[PDB]
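Here's the structure, in structure tokens; my notes come after.
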Amino acid sequence: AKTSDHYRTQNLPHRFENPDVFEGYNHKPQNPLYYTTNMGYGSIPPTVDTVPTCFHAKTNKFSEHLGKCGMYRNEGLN
Amino acid sequence: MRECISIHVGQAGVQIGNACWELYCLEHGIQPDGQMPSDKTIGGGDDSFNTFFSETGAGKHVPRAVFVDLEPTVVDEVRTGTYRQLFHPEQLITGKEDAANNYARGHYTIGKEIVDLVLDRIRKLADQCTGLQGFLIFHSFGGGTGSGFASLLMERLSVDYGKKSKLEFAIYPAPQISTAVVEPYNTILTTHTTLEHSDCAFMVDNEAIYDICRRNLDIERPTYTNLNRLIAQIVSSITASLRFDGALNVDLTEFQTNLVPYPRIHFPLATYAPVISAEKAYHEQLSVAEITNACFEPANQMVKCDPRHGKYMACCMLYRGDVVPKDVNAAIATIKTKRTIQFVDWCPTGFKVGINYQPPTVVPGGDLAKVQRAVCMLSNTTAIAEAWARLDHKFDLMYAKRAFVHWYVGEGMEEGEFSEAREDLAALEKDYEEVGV
Amino acid sequence: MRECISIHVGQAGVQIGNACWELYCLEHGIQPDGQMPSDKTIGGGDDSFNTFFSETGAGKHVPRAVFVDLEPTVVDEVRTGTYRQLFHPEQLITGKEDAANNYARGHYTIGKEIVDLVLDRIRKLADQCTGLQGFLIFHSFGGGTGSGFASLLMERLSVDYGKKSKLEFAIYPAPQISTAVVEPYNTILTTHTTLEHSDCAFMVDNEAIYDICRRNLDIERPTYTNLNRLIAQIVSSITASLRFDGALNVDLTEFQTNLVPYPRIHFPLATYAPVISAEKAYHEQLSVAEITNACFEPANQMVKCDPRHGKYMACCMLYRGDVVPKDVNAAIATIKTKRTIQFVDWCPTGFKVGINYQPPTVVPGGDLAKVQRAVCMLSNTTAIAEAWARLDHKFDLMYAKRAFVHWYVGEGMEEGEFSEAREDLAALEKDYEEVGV
Amino acid sequence: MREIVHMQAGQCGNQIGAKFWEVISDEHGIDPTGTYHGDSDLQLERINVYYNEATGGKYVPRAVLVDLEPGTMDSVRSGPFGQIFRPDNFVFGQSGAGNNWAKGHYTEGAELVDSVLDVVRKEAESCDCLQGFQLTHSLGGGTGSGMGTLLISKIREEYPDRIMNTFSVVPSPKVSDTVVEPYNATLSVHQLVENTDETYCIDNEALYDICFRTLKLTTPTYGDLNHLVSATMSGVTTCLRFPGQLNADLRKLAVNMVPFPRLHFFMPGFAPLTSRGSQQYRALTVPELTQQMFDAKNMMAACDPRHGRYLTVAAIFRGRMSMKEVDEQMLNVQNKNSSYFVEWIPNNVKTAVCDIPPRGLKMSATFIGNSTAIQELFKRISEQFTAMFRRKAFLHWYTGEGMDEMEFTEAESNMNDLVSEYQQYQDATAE
Amino acid sequence: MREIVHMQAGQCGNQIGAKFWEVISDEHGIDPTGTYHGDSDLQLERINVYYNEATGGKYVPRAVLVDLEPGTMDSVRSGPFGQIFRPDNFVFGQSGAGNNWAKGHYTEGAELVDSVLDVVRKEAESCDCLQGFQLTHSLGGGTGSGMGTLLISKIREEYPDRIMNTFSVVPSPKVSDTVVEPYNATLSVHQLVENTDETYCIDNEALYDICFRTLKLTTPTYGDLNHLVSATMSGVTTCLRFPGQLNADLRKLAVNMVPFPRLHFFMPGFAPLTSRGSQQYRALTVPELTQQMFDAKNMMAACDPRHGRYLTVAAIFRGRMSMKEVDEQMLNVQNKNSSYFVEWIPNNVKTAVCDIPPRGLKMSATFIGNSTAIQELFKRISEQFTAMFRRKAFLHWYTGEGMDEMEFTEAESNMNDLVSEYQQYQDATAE
Ligand SMILES: Nc1nc2c(ncn2[C@@H]2O[C@H](COP(=O)(O)OP(=O)(O)OP(=O)(O)O)[C@@H](O)[C@H]2O)c(=O)[nH]1
Ligand SMILES: Nc1nc2c(ncn2[C@@H]2O[C@H](COP(=O)(O)OP(=O)(O)OP(=O)(O)O)[C@@H](O)[C@H]2O)c(=O)[nH]1
Ligand SMILES: Nc1nc2c(ncn2[C@@H]2O[C@H](COP(=O)(O)OP(=O)(O)O)[C@@H](O)[C@H]2O)c(=O)[nH]1
Ligand SMILES: Nc1nc2c(ncn2[C@@H]2O[C@H](COP(=O)(O)OP(=O)(O)O)[C@@H](O)[C@H]2O)c(=O)[nH]1
Ligand SMILES: [Mg+2]
Ligand SMILES: [Mg+2]
């Protein structure tokens, strides 16, 4: 299923646009008792509904690339 | 480059870590294997994960967390749980004995032989860290691991690192509801150590969360799952300004230095609004004015401490969602014009607002409503001395006839230490009423 | 823009609010689930709902009225019947204990454990506004929740909101027909707190509406629903000028300053015309002059006192439907030329006429016919002095040997309170007769 | 959440409360095995008033039946709707009551009352509201009088602000059936006056008369009587249950009933009552219902209210009806029989209407008449007690278990001052 | 890894430890042979607390069984779940016990204890990290009060900082079964006080009362009594073996319960106890579970908790619950009766909750009380001892074997000093 024919999508990545690519969110236990409440944080997977509709994450490629090399220094002869 | 190492100490620390790393992974779209999903070949422009996870040489995500608990049950459950592939194996550090609600046992015994390994893992994380904005330590004042080992760990990070911030999320005991018995002793003894080695000392009380869940969420039977999800939402809304961009970004140093007037009032008070449920939240606008007016209420506090018996010294407000600065400023103006909120005389301009475009990411199966606006409000009210007055009352009426003290004096705790901690906290609350008046 | 927040206290209040909001939803075209059905996009404006119904971001019409009772029976019936998703969950506040026709019980021991929550909900509803116009309170003078808690609620409302209008709709005990024994006690204790400390108070009996339903509607064994519908029609005709449009509208704060002369005389009486069934409505010539002269008929009032034995001090006459403002003046002239209808000497002009364009709606399953023009004639006069004289007679007769007073003393209220309220109402009777002469 | 714990003292109380549970379980839709076999949603809405809830959707009564002889437990458990009760709520003793107030109060009832209070406290504050304590008993016998009054005293000491209803089967002179009935009644009304909030007294003579000449049954053996009593119980408690247009709970009745604190002895009546031969011939309109309600031959007390004066009158109607018919009838009965109403209380009648009728008929009503004619039973019991206390008759059977004559004399004095109190408002004036 | 070494002693100790092992092997899913036919991995996650690995996957309990006669060892080995134990730690003697404290502490038992300590050192250094030892003696025999206290003294002197948990069955006023029982109890409690971290004293009369009231059973025998004690054991040490929510091990209980070092005599209770027919009518949730903990009828010590003040109360709950509900219930019972609670320890109920219920019932709880009501039982034992000792009755055996009367004098002196220590923190106020 898509979160586009069902919701509003604003520049959301493909990772959240298809919530079916999420695996490992089940981990079904043994026989249904011995069901400690602490392992209830690995509950039901994110789906088309409980997914972010907006992803406003900054990108620091330019800043990181300039920060590794270093800022400008007055080096010359004039 | 902005990166925060989280240290989760105690059983409360490990459960907070579970319910907060679940929210972090589910917000950044990382499955519990630690594996980043299909990015359509080219990875693209996305580096919000860098504040909590690191790109290894495979495309995986190992979190910047150190889970420490002396008792090898709650952390072995995480090692056998659904998030077993997330954490590095030499990050869920455990011992073989317990500290058993004993500050002396957690500080001068078995908790001591593990602090070297914890510091070595912290050193490795800081070495692989480029820019360390601040450590983020989650524990409880119940006792044992959460007080003695947490105090020792804070002292050791203070003496080795220094400078860099150390935010603290401490679970605080209630006026009436309590689990352990030597909780006033363990909480008095740890204030002496969390005073001069903490930069912010956020306090959460369980009874306030119970009342909040029973009143606003229509759940008659709350538990630690809901408690730690609320605390996870608090810390996620605090730290979201790093990972997700916003107008008026407020990062860790900024709301550290715009929240504390003096280097003895560094014990803020969190509040989340809305904490409403979905069936109720169907019938409101959830406007900015509404979610600000339903945030200074004494019924929505997080500590069981009504701020009417005190003055607000500082107030940071982190808005998270589709909020507009015009409505933020109108809400601030209305809050200032209302008379019941008494701000202190030497701070006419105390409000630090921070906007983030990202709405709060709902966790499926949770009890909270799923809405496009939220506020995490960090007050610095002078009313916080009420809890410490009740703490002194309980400590005095236990220490009048030396109850429960033989365990401490056998495992450490020269008998003047209790009196020293009592004197320090009494002088501190004297300082708090001094800055209140 | 023009808000009319309602509070419905007591069982009579909750039932009359059920009928009132059924009428509001049917005349605003809102289905009981909150949405607006039948392809809402037709029409450009239709902002008439923003007096009684709010509007969330998703666009739901959420009403502005708090249904408060101490027993959960009628409130749970509302929560389980038809209008279920329309009201907010924190809008139907209920208690454990009942007030049990006991003003002292509902005012001093049970009323104070729910008053903070109802005032907080009124706080939230008033904050969800853009400038409030007037509170509409609905209760019965039979006693209990409708008298004592209503009095305490009005006291705290007058403390909180300064000079906002607080219009009462009181179910006053009829001369002969009544359903309790301590109703004179409750009315005497309630008039003290609603006289000097509340705004204009519309007051209706029950047997007058009983006789009207017997005669006009030609219906012989109906129940309280066919009284609550008529009072809902009256209150709709009162506060319809805020929502709808028409020539010479009458604002809610302009009702008071142009009806009640002195700030102790604020007890007018209502009369709705023409109440009629369909078979009788098909057989006459419903017109402005006819409904005007049928308003002043002493057999059509909703208060059992003859206005022929009193003085007409002022009259605000509100019209709905196909009414031109020339037949209104032609009817006022032919009323003022009649000698039997007697006006007080210091009042040459005694009429405030107002006109609203849109005709009164017809409820499905009702008994009123599809009327084209209607009047809610609201007159301040001196005829209710006889009714309060009769109630003074009943209260003095029962208080002669201290019947039923041991309860009120038992949950705590001094015996001098009854004498204080009795002498207050005696001074009120003196005030009415000296105004009349 | 308003809710009553129900407790039945004595063999009479146990049977008359077993019939009460048998009729209200049928009213609420509960089967004999304790599950909800009900059709309407409204039946399982106020079931917390009288029932708890166990695992598997099983509803148990909140009944804490107490006796001191083991045969009555067999008689209440072998009957229908008998297995529904919790077996922990069956505390009793193996001794013999002896029809002795001294035995049931001081010697053998005092040993059991600690465990009885334990179970009553558990079933009472394993709760949230706890409005009512309904004890049901007979005056004149043993544990119905002594054990019941001791239980009333201890419970009123424990909970001083909760409603105390007592359905008391006061003895009648024509029925007799026991020679120590005046002793037990006169010695138990002392505790019933100072403690209970509402006490409804029921005459077995009146029950036999209403079975003879109203129900017209040839042999009303032992169950028609307590069926009528159970119908009256359901009528007076229905307002905490299925919602109506104008309801009135136990406090709403009690506030509007008693003018003065020691006037809480009531004469009940449930009169949509017709024989099977006339049920096809009579209508069931509100005027017919209220005229046979105010008819004195449909009263569960042997006192004729014409020889007296109504202090207050209740009318709890059940059924969907018109409230300016019931109200004009309540006004019409006052305007007609104005001489039998006290002149210093205008509007002596309190009216409540619930819209859900009992199982059977579509309309019903319950009458509670606080009148100054109830002193006839009290005067006759006082006369029969003072005709026996002169020549010390049957007195060693109380002094051996241990009582002085001062207790008997103070009980007779408290009898006589209450009779004089009712006579005071029988013969009085408005001003 | 935490672990508990079990040391059983006496006929009572061997029987009750055999019952304990055959109920916790069923809890962990262990065959009588010793093979895991379980159904989950949480059973094998912490199986090393009680079992030692063998070749192939067989599990051998870490229990050392001690007696002075062959007797109960042969009975247990012939009985079911007798083939699971190590055959090399069935150490016994060929002599007799004589139900004599002097014979158990100074005669031939003083060289059997060398072999028992050799076996215990083998089972202790064949390990990684001892949480401690538990012992289950009888307090009134020659082996329970003899061999048992000698084992406690040797273990305390050799390992000084490990948790010692001795359960022990205290004598009773009625139901005695032994004539020198006060002598053995008084001589053994003196060694219990200075050498044991904590004791969970249990009374046979209270167990019989629990069976005759709650769990009807007609004939209660000893299997059901040992089942109750074993359920108490498995309830109190369940957080060591099963993970979940906020948990508490034995050292955490020790540091929370005992305020001052000679005050570690605890008053236990298991409370999902319901009758066979009452199970259907029972509801199972936290409030009624709480009141069944705080019911004096469901206590395994004969002392009345209303005859004293609770110092501290441990509540070890098991099952998926709402710990908001359990904390609210603990605060509610404290605020309900704050009279039976010390003022100088505010909110003195240590609470722990685990998420693994025992087999059968859905929701469990274990009550531990460090009450000041045990001083009346201790005063009673001292009264029996001094009444027997004023005439030097049954003392010639002890003196002829060789113990001076100074030892009995110090036993009675420590007896009365401990009674006074319990007495002062009952009327000691805050300020
Ligand atoms: N909010 C919240 N509080 C918790 C949670 N778990 C434990 N606590 C608090 O922790 C207190 C108990 O002490 P702990 O912090 O658990 O002690 P510990 O971490 O187990 O360390 P030791 O006592 O040495 O075993 C209680 O009073 C609780 O308030 C949790 O999951 N959420
Ligand atoms: N006109 C009208 N009057 C009503 C209605 N319902 C109740 N009343 C009046 O209310 C009076 C009794 O008081 P209630 O309103 O029923 O009681 P309350 O205000 O809920 O407080 P309590 O007595 O504690 O229940 C009666 O005398 C009736 O005249 C109604 O639906 N319409
Ligand atoms: N109406 C009615 N009266 C009863 C019933 N059972 C007994 N009585 C009357 O109560 C009196 C005996 O009371 P009893 O049951 O022995 O009281 P107890 O000794 O406490 O059990 C007799 O005179 C009967 O007339 C009953 O089921 N219904
Ligand atoms: N709970 C329980 N108690 C027992 C059992 N057998 C004996 N007892 C109690 O133990 C006491 C006798 O102690 P005993 O075992 O003979 O001591 P020993 O002679 O040294 O072995 C008696 O008072 C019994 O009440 C049993 O199977 N279960
Ligand atoms: Mg721990
Ligand atoms: Mg009502």
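Residue numbers (the deposited numbering), protein chains in the order written: chain 6I, 40 to 117; chain GG, 1 to 437; chain FG, 1 to 437; chain FF, 1 to 431; chain GF, 1 to 431.
Where a beta carbon is used, it is the ideal one built from N, C-alpha and C, also for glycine.
Excluding the 5 residues flanking residue i on each side, which residues of the same chain have their C-beta closer than 8 Å to its C-beta?
{"i": "residue 371 (chain FG)", "result": "274, 276, 281, 286, 321, 359, 360 and 362"}
{"i": "residue 275 (chain GF)", "result": "214, 215 and 216"}
{"i": "residue 176 (chain GG)", "result": "207"}
{"i": "residue 442 (chain FG)", "result": "Since the first and last residues shown for chain FG are 1 and 437, residue 442 (chain FG) lies out of range."}
Would you say the beta carbon of residue i is closer than 7 Å to some non-hydrogen atom of ligand 3?
{"i": "residue 97 (chain FF)", "result": "yes"}
{"i": "residue 11 (chain FF)", "result": "yes"}
{"i": "residue 225 (chain FF)", "result": "yes"}
Consult DSSP for residue i and reduce its assignment to one of helix, strand or coil.
{"i": "residue 211 (chain FF)", "result": "helix"}
{"i": "residue 87 (chain FG)", "result": "coil"}
{"i": "residue 56 (chain FG)", "result": "coil"}
Give a single yes or no on whether residue i has its beta carbon closer than 7 Å to a heavy atom of ligand 1.
{"i": "residue 94 (chain GF)", "result": "no"}
{"i": "residue 23 (chain FF)", "result": "no"}
Please work out which residues of its chain come closer than 7 Å, Cβ to Cβ, to residue i, disregarding the five sequence neighbours upstream and downstream, and give them in chain order.
{"i": "residue 289 (chain FF)", "result": "272, 363 and 365"}
{"i": "residue 262 (chain GG)", "result": "435"}
Alpha carbons only, please: which of the options is nearest the one belonging to residue i?
{"i": "residue 61 (chain GF)", "options": "34 (chain GF), 310 (chain GF) and 410 (chain GF)", "result": "34 (chain GF)"}
{"i": "residue 125 (chain FG)", "options": "85 (chain FG), 141 (chain FG), 6 (chain FG) and 266 (chain FG)", "result": "6 (chain FG)"}
{"i": "residue 410 (chain FG)", "options": "171 (chain FF), 160 (chain FF), 388 (chain FF) and 192 (chain FF)", "result": "160 (chain FF)"}
{"i": "residue 141 (chain FG)", "options": "246 (chain FG), 247 (chain FG) and 187 (chain FG)", "result": "187 (chain FG)"}
{"i": "residue 58 (chain 6I)", "options": "2 (chain GG), 37 (chain GG) and 19 (chain GG)", "result": "37 (chain GG)"}
{"i": "residue 154 (chain FF)", "options": "376 (chain FF), 317 (chain FF) and 194 (chain FF)", "result": "194 (chain FF)"}
Using a threshold of 7 Å, is the CB atom of residue i nearer than that to any non-hydrogen atom of ligand 4?
{"i": "residue 144 (chain GF)", "result": "yes"}
{"i": "residue 109 (chain FF)", "result": "no"}
Assuming contact is defined by CB atoms lying nearer than 8 Å, are residue i and residue j in contact in what I supplied?
{"i": "residue 422 (chain FF)", "j": "residue 369 (chain FF)", "result": "no"}
{"i": "residue 307 (chain FG)", "j": "residue 383 (chain FG)", "result": "yes"}
{"i": "residue 269 (chain FG)", "j": "residue 133 (chain FG)", "result": "no"}
Are there any heavy atoms of ligand 5 lying less than 7 Å away from the beta-carbon of residue i, as far as the coordinates show?
{"i": "residue 71 (chain GG)", "result": "yes"}
Can you tell me whether residue i sits near ligand 6, meaning its C-beta is under 7 Å from at least one heavy atom of the ligand?
{"i": "residue 247 (chain FF)", "result": "yes"}
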